[PDB]
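Any value given below was found using the heavy atoms of this structure, including those in side chains, with hydrogens, waters and symmetry copies removed. Naming: A, B, ... by sequence-line order, numbering from 1 per chain.
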Amino acid sequence: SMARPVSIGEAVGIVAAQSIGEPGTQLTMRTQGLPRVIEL
Amino acid sequence: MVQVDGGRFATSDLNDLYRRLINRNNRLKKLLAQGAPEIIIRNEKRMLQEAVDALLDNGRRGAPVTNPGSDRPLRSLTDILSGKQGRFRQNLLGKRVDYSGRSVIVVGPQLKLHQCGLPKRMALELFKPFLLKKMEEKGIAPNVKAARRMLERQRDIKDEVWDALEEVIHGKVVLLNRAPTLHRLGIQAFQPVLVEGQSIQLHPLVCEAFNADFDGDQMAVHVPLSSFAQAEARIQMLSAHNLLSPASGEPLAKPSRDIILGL
Amino acid sequence: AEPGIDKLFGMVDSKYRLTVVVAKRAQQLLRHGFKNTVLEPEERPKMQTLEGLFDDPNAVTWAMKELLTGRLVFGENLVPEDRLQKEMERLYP
Amino acid sequence: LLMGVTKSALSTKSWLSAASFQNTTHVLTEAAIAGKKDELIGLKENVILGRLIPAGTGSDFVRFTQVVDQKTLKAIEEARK
Amino acid sequence: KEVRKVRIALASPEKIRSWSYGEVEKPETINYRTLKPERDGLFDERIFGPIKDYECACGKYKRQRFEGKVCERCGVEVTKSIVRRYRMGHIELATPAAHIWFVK
Amino acid sequence: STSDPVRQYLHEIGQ
Amino acid sequence: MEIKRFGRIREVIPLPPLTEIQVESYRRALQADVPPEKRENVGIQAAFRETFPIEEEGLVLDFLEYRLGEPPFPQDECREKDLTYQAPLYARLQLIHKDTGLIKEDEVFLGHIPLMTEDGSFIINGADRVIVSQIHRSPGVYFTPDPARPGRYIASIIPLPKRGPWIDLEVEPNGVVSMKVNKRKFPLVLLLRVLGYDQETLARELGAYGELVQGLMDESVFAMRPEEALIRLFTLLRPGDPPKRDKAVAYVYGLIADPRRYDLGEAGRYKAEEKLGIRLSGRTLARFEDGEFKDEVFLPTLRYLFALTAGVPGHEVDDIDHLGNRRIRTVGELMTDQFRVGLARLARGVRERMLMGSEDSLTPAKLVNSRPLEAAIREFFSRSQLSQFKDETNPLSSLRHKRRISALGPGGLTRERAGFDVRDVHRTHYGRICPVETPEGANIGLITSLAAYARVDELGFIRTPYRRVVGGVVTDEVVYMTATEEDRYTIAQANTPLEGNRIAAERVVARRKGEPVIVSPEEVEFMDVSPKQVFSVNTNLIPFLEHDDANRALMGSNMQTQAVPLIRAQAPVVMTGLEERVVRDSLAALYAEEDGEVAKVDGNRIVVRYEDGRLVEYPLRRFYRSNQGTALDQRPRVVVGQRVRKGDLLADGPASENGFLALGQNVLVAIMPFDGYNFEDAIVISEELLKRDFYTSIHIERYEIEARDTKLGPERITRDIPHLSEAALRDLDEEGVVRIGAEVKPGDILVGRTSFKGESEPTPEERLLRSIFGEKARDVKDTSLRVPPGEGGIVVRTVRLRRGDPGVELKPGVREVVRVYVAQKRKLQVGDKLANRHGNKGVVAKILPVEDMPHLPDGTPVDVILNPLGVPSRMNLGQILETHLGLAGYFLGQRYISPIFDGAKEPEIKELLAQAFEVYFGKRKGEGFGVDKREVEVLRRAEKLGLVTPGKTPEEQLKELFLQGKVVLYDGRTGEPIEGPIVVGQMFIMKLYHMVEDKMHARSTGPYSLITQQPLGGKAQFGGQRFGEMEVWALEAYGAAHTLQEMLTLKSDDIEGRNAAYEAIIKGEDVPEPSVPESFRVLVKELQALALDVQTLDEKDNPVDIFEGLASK
Amino acid sequence: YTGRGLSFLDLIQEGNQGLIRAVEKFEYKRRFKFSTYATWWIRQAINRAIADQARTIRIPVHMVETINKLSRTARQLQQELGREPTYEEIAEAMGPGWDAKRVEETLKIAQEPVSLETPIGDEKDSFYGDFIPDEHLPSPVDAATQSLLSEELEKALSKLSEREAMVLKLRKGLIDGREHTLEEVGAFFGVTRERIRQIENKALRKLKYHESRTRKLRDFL
DNA sequence: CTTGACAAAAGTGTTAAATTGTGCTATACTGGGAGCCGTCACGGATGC
DNA sequence: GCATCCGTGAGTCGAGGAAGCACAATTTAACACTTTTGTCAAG
Ligand SMILES: [Mg+2]
Ligand SMILES: [Zn+2]
């Protein structure tokens, strides 16, 4: 978000979860799409 | 077991579950004092065990205990703590908060990236404790209690109350929130601009981060109170400070539909 | 954006240390009625009122401006907390 | 060993964070029998107790920073040395 | 001191009795006519505390001066009514009953 | 019936 | 303003009564007007005949007839007094002593049956309600393929809901056929042997298929007697009960043979005979007669299952979502089911009352306790999921609500247990269920609308009309047929060209079992009546629907139900033709019964002198508040002495203009970006709309307050409120209620009420204060009703109900109730939501002055500016086509009717635009004006954009633009033209029910919850905003630890923290540090209530008391 | 007896207690069979159990009998008038000592409490408890005005003498929390009852003069 | 500051209603009643 | 290995708020009286 080395004390775990799950609704659902991600 | 505004009594399901266990416990003591046959005692002990089970976890073993006259299961201790409506997820991981508002959002094209349009009547209620102090500081009201009476009636509000409100919010920011909050950009801090009307004005460049459009959407408003909360919001959560995406590092506040078309 | 936010972010190793410094300085300014400011009379933040220009009441605004000047010292274990408050009370009753 | 996100979260060392996820009866029953003690390491446990989360401005790395001006600093150093 | 850890463990019958301020012996909640808590019931003031601050059931003590006192006429402690959110009773079972969590 | 308290009681009194 | 109509399709039949699904179903159930002897065995008559006679086995209670009386109060009184509009139900019953042979008959009052109003709704406790029709699986015998094992099928026998168990017939891998009932499986041979079936019979009947019969010929039980088999079966079905023949037979008879417990239904019995090719005597799986069990449907069901497995040509599996297998339960059937349920409870008490107490001296009145019957009826109309608060925002809203079909409700699916199959559009939906009108969200596909021409038949199956085609010529004979019957024919399309009545096209587009095909005129057997029958009433109101993507048409039809009535509502410039019938069928307007003359016209009533001479006076509903708060009033449209024919309009209802549905205004629209105020669906409007009162609506709010009897004393409604000045009591009358006609703002008193203060010693500080000022404390306090924040208006009505009033059934302890009605006239403002019929919706973001709006060269400013960027992604081009026809209509002064899929086309729209240009530009030429310099600059750009032909004159090029729907538009701020021609036209836009006035809410502090002490939720409760889990994550991701801690403790449930925080702020100090939240303390006590020792420790593991020592003994 | 508030097994155990009582009192000399005499005790035990355990708020047995009789009378009148009887009709049918007011009070007595967990709406995510405010604990606004008043009263009491302030604070319960009397106040100070009354009155007059000259304490009233 | 009348202002003590708790009915009666029913994922545990 | 069973899980804000009587035992109410308390004028 700042294009600079991460600062100590950042909750990178929460950021990672929100980054992965935010585009979750854009994955096709109709082994592929969101079901593939969930299984992995 | 509370008395409602109409005089009627409302009680929780735990009282009914406690009464059943107490009634069965007392009856078992009477049967034991009478020297009742083993068949009767076994039935009473089996009922006492079931009554304890329903109190702790209703419906886990056997048919759920329901209040006579209805088929809705009684809410036991386990139901209170578990589930999406339990204590954890409903009352501990999230809460309802004071100093919060809500309204419809419209687009403010004249705003700066760090500004939002906050209705005056929303800001009057949101910043009421601060406004009362400023009203007393000025000659508008003699004390905080007199100032609060002035604001209770709409026709009692003078034109200097709006000048005082403009001073209260100077430099402060508010949090704008849109559900669902998919990522941390679903909450951003803006410096409010008191506006006439009843809808919140949102800067065009932040609509993509909020996933907001202007077809009827609504946002919530939150007021950080202390200096720490105001410092964090102004430094870390300010919209003008979060321009890149935390997920990919690409710009997230950038030209959009009409801006792209004109350029 | 906040004025001089880029410079402020460059003065600390962690962006959250800047918030702690700003938030603590703002509390100091409020607790002493802005009489302990390191800002000169012509540097004090101002707000435009109907009567006229008055000192900014926002202490977080004051702290950010003071931090940019470079006249403030921040760090860990600079002085004992109890002694710091005692001295600041004496200097600015 | 490889396990999914659901099983990895439920087998965490903090019962407060696991009990607030799912399988509350199972999490609480095993924690109580073992007498588990929660050290309040992650974010969910501190949120439940209303404590300052150990991240951001609440992290120990930046939480104890002090700010002081030149005049007071010289007085303290001068008034002591 | 500051809370740094939270521990969870089984409660023995001895510990459960140490928590309780009295045994709930009747299934009565309140009086249908006067609407006051019933003695020995699930809302007893002699167990869970007064319904209003510094005021016993019999109305003989009505000020904080008699703080930490127990009325001899009614047996209700003269203290804050907020203790009614924290004070627990107990039911003494005629026979033991298993905890369903450790069974099912 | 082990699951049904009523059926279990009736069986016992029928003995 | 002349109306021009488009289209070639000639509709042979008109739309059926739009509410007949409600009105006709309830008539059949009640049969209130049919003579008792002529009543058929349907409705509640069948319920009476099924439960009676009630025999003790020797007193017999017999039912002879029933009757319904006149309702105690009229519909208007029920609404005012919070009553239910119902009729008393009496049953004429006779008690017969089998021993003596003596008959006593008397009429017993059974209770009250709610009455359906003329429009098809109910008044329950003073509120209008609608019973939504339910779609469910039809009863019958079904054959589906086994998914686990390919090539194997399962036979399912399904009765009416809650009228018997589901039966499963399967061929196990061992070859033994297993029958599953109530989750218990057993061999069908045992039941088959119970029904008196021999080894030889099964060989003769089911032995011609292969080895399957060999799997059903186990002689271990065939030699067993039917009595022993029944005992053997009874042991399997219920293990443990003492096996006894009387108990064994009673269990089997009550399971598959008791008509009072198993009900295959009239539809299920019809479906079974159609599929199995048999004739069922009754509606039960088997008959018990002559002391023996007789098979009815088990053998025929097994025969089909075997032949289906064997592979005979004429047997096939069933599609369970096929609309010939799914039926509709209407209000009449849903009510009758609850009538039968409660009537069975009434019989149960009768049996348990006729075996105890004065056996000889018993009468029907003494035996019958109708409370169970009334309770079942009131429960259905009050707490049923299908009994819903009526939607009456406008006339269309209520019409749509009565034609809705719900798959949910008691006896239906679950909102989270429904798969894609139940939510999909089935091929049999064509002409029966609208494919577009459905709720987008979690209920998509679970709530649907009846198609316009569809009608539900006697058995509950939707049918649609088709035109009979014989020898290639379409006849006017219309046939209503179900999906099962429709599958047998080749059905052509309504747009098939006809030369009179003969199909002219050599190639005809048709359907065969839903599959489109191309056939010859001689292969066509039926024809569609019209394209309207494929869509619902809402969807049929969208012009140019074939040009709109279905995803937006779903929005377009749903938003028409949310439009608010306007004081200056207008019918759309472009209409589809259904606007008049919607108003006619909603019963909101007033029409002449027959030819006559208007005798008196007034704002309150109309008197008409009919030809027969009788005078009829029609009161007009004036400023009536609907369920949604919108004002509904009828405005007379006739003058004294005017002659009216039968069916002529007498007065418009809400949202109608001369009998046409008028859900909005017709405004001049420019499609262009405007300075970012059009951004992302936002709309820019002119101030001229507000000046002439377009989009102005009337809304009414009702406030109620009660004076109750209390232990401390009775609450009083009075003008003498303590500690109040004369300013705050200025508008209250002597009675203590606000005067009618006063304007009330937030914080104003509506009704003055004082309640006796509870006996409590005051605090010493307040006790000194009183001593200092010498004021004695009063015994009563202010508890009056005030205007909530953000509300107010004009007091139009006050209603006062007092105990003992005729028809006023107040709750015990309530002395009286006061209701105040406050009306307010709402103008369009920023944040209000506007929409058109094509799914384009947005909120007003900017209101411009008239001199800032873009204007035509003649000086006409546009009214609304719409962003073109909303069209390309949505693909709803019907709004562009509507705008083009609106531009032509604007200058020609005419309106248009273009039916969906048969209406205005671009060639016809362009010929209208050519005429409109002559009036639009020819007027200028006569006035003495040529071509503007600014138009010449635009025409130069246009030819570079390829919009106009080079080398033509400016007038010809201006006409070329006009035929494209584009004009040269000037900017009101600069006076310079927009650099490109703009699409300007006339569009019909609606003001929706979503208003920012009702949604803006703010709170600092207020009410808190009981247990958790957290703020309440909801604007009505003055509650705070929910800061859920996902919001907490966002603060955690930001690193805002202190911001997060405040919302968790200081602002939600830190009781000491929030008290100190408020005091600190009003003193000018910074908020203090938070403490432990009260929610965590509640959790600890709840974990202790589970016998768990939860202890908070310190760094050294020593206990830390978070209860302040208040719980440490 | 099912469907009247007690479950089937609860009715059986209560009946068993009557059966135990019947064996204690049954007399075989009378030649009556056991069931004829036992059926009285079994029914009596079950009925008394319903009257004592069927309601969350227990109503005495005699009051339960009155409620049952009133329901019977209304039901009979309702089936005879073809409508719901009014309290006047019910009171007339009940007999002497009954009026419309008593019929209404008895019906108000017989109202069972509603559950705090009853769902509202089609989706079960809202309950009655979510709409009931807590009115016991003081609100943040109420707490602040109490503390603001204490501060102002403390300042106003500063203008008084050293002993005059103590007298008012003792008599009005501003020190120990409970009001003291003239004699008790005199006991602390050793003055007679009459003098304490006059000195307090003068101080109260003093404070009244100060308030009039400032008007900084009238808003709190 | 007392010093004696005074008058409510309150409390103590019986008494009788009014309310509440409890025992008792003697022909013979002897094992309940309501679901019924369209989802799909996973572990994890047992029947072996 | 393997089916079959049970148990747990399935987005977020908002808006919708039916004995009857007898009798004994206990409690509540209404007197009665004395005993403080609060004023008074003095003195
Ligand atoms: Mg939107
Ligand atoms: Zn007491």
Side-chain angles (χ1 to χ4, degrees), chain A residues 21 24-25 38, chain B residues 4 60 84 102 177-182 186 218-220, chain D residues 4 6-7 22-23 25-26, chain E residues 33 104, chain F residues 4 6-7 9-14, chain G residues 136-137 158-159 161-166 181-182 241-242 247 255 261-262 320-321 349 353 369 389 407 411-414 416-419 421-422 442 999 1001 1017-1021 1025-1026 1028-1031, chain H residues 1-2 4 8 21 25-27 30-41 43-44 47-48 50 60-63 65 68-69 71-72 75 120-122 126-128 130-132 181-183 191-195 197-199:
Chain A
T25 297
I38 290 184
Chain B
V4 298
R60 184 65 175 83
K84 166 148 48 180
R102 177 180 220 92
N177 180 18
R178 183 178 182 271
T181 314
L182 298 183
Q218 303 183 59
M219 286 184 180
Chain D
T6 309
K7 183 171 171 63
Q22 73 171 220
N23 263 97
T25 301
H26 184 75
Chain E
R33 199 182 70 176
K104 302 302 307 301
Chain F
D4 202 3
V6 176
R7 183 182 290 270
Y9 179 64
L10 296 183
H11 174 268
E12 295 172 1
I13 78 179
Chain G
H136 74 118
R137 295 190 53 182
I158 304 175
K162 294 180 177 67
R163 301 294 294 157
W166 287 29
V181 193
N182 284 313
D241 288 3
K247 295 303 295 293
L255 186 81
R261 295 176 64 186
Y262 193 92
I320 67 154
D321 284 309
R353 189 176 299 178
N369 176 21
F389 204 52
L413 296 155
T414 300
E416 291 85 4
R417 88 181 307 292
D421 290 328
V422 304
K999 309 203 169 192
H1001 175 54
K1019 169 177 177 176
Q1021 291 84 26
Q1025 301 300 314
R1026 163 85 186 177
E1029 290 175 277
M1030 317 187 55
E1031 287 91 35
Chain H
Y1 284 79
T2 64
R4 300 173 51 170
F8 189 34
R21 183 92 196 104
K25 290 192 58 60
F26 176 81
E27 303 185 336
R30 306 201 186 191
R31 284 189 166 84
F32 296 109
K33 289 188 75 174
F34 185 72
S35 64
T36 196
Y37 184 62
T39 302
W40 278 109
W41 286 103
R43 290 191 308 237
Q44 175 270 331
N47 202 8
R48 194 74 90 198
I50 293 179
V61 172
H62 80 269
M63 197 64 224
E65 305 173 347
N68 294 338
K69 175 170 208 274
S71 295
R72 258 196 306 100
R75 188 175 71 238
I120 67 166
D122 277 354
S126 185
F127 302 92
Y128 283 11
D130 304 355
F131 300 79
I132 303 180
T181 188
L182 281 73
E183 191 277 333
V191 182
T192 50
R193 300 166 61 241
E194 160 58 3
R195 173 54 171 174
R197 162 178 164 266
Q198 287 179 354
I199 64 170

For this session: Answer yes or no: is there a side-chain heavy-atom contact under 4.5 Å between H/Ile120 and H/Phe131?
Result: yes

Exercise. Donor-acceptor pair under 3.5 Å: do we get one between F/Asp4's side chain and the base of I/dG32?
Worked result: yes

Seminar exercise, completed: Pairing partner of I/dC42, by Watson-Crick or G-U wobble and under 3.5 Å for both distances, is J/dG7

Problem set entry | Opposite nucleotide pairing with I/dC37, Watson-Crick or G-U, both atom distances under 3.5 Å | none

Problem set entry | Sugar-phosphate only, base, or nothing, as touched by B/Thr181 at under 4.0 Å among non-hydrogen atoms | nothing

For this session: Look at atom NZ of G/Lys247 and say whether more than 12 heavy atoms of other residues, nucleotides or ligands are closer to it than 6.0 Å.
Result: no

Exercise. Do the side chain of H/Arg72 and the base of J/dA18 come within less than 3.5 angstrom through a donor-acceptor pair of N or O atoms?
Worked result: no

Exercise. Between B/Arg60 and J/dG7, does any side-chain N or O lie under 4.0 Å from OP1 or OP2?
Worked result: yes

Exercise. End-to-end bend of the helix from I/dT2-J/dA42 to I/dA18-J/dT26 (five-pair axes, 10° rounding)?
Worked result: 30°

Problem set entry | Phosphate contact (J/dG14 OP1 or OP2) by G/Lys1019 side-chain N/O below 4.0 Å | no

Problem set entry | Complementary nucleotide of J/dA19, counting Watson-Crick and G-U pairs under 3.5 Å | I/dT25

Problem set entry | Counterpart residues, salt bridge (charged side-chain N to carboxylate O under 4.0 Å, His left out), relative to H/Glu194 (two or more places apart) | H/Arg197

Exercise. Hey, which of these two, H/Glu27 or H/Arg43, hits DNA chain I nearer its 5' end, going by closest nucleotide?
Worked result: H/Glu27

For this session: Rounded to whole angstrom, note down the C1' distance from J/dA22 over to I/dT19.
Result: 16 Å

For this session: Measure from the ring centre of H/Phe131 to the centre of the six-membered ring in the base of J/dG17, then say whether that distance is under 5.5 Å and the planes meet at under 30°.
Result: no

Problem set entry | Span that lies between the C1' atom of J/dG16 and that of I/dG31, in whole angstrom | 48 Å

Exercise. Mapping E/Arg33 and H/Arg195 to their closest nucleotides on DNA chain I, which lands nearer the 5' end?
Worked result: H/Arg195

Exercise. What's the shortest heavy-atom distance between G/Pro165 and G/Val181, and which atoms?
Worked result: CG-CG1, 3.7 Å

For this session: Report the distance from atom CG of H/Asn68 to atom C1' of J/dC21, rounded to the nearest whole Å.
Result: 15 Å

Seminar exercise, completed: D/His26 NE2 to I/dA45 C1', in whole Å, measures 13 Å

Exercise. Looking only at atom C1', what distance separates I/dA10 and J/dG43, rounded to whole Å?
Worked result: 30 Å

Exercise. How far does the P atom of I/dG38 sit from the matching atom of J/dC6, given to the nearest Å?
Worked result: 15 Å

For this session: Please state whether the base of J/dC13 and the side chain of G/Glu1031 form at least one donor-acceptor pair under 3.5 Å?
Result: no

Problem set entry | Nearest-angstrom distance, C1' atom, J/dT26 to I/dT22 | 12 Å

Problem set entry | Sole candidate of H/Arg31, H/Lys25, H/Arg30 that passes salt bridge (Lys or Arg N to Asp or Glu O under 4.0 Å) when paired with H/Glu27 | H/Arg30

Exercise. Within less than 4.0 Å of OP1 or OP2 of J/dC40, is there a side-chain N or O belonging to H/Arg197?
Worked result: yes

Exercise. Under 4.0 Å between a side-chain N/O of H/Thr181 and OP1 or OP2 of J/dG38, yes or no?
Worked result: yes

For this session: In whole angstrom, give me the gap between the P atoms of I/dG33 and J/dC13.
Result: 46 Å

Problem set entry | Any donor-acceptor N/O pair under 3.5 Å between I/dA26 base and H/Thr36 side chain | no

Exercise. Within the modelled atom types, does a donor on one side and an acceptor on the other bring the side chain of H/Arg193 and the base of J/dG38 under 3.5 Å apart?
Worked result: yes

For this session: Answer with yes or no whether G/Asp421 presents, from its side chain, a donor or acceptor under 3.5 Å of a partner atom in the base of I/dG38.
Result: no

Problem set entry | J/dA10 base / D/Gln22 side chain donor-acceptor hit below 3.5 Å | no

Exercise. Would G/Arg417 and G/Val422 count as a side chain to side chain contact (heavy atoms under 4.5 Å, CB included) if you check the C-alpha gap in whole Å, the side-chain angles of each, and the deciding distance to 0.1 Å?
Worked result: CA-CA 10 Å; G/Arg417 88 181 307 292; G/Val422 304; over 6 Å; no

For this session: Tell me whether the OP1 or OP2 atom of I/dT22 has a side-chain N or O from H/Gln44 closer than 4.0 Å.
Result: no

Exercise. CG of G/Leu413 to CZ of G/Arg137: how many Å apart, nearest 0.5 Å?
Worked result: 10.0 Å

Problem set entry | Whole-angstrom distance between I/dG43 and J/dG9, as gauged at atom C1' | 12 Å

Exercise. Taking CD from H/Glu65 and P from I/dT22, how many angstroms apart are they, rounded to a whole number?
Worked result: 14 Å

For this session: Spell out yes or no: do the side chain of H/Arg48 and the base of I/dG21 have one donor N/O and one acceptor N/O closer than 3.5 Å?
Result: no

Exercise. Do any side-chain nitrogens or oxygens of B/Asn177 fall under 4.0 Å of OP1 or OP2 in J/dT12?
Worked result: no

For this session: Report the distance from atom CZ of H/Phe26 to atom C1' of I/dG23, rounded to the nearest whole Å.
Result: 19 Å

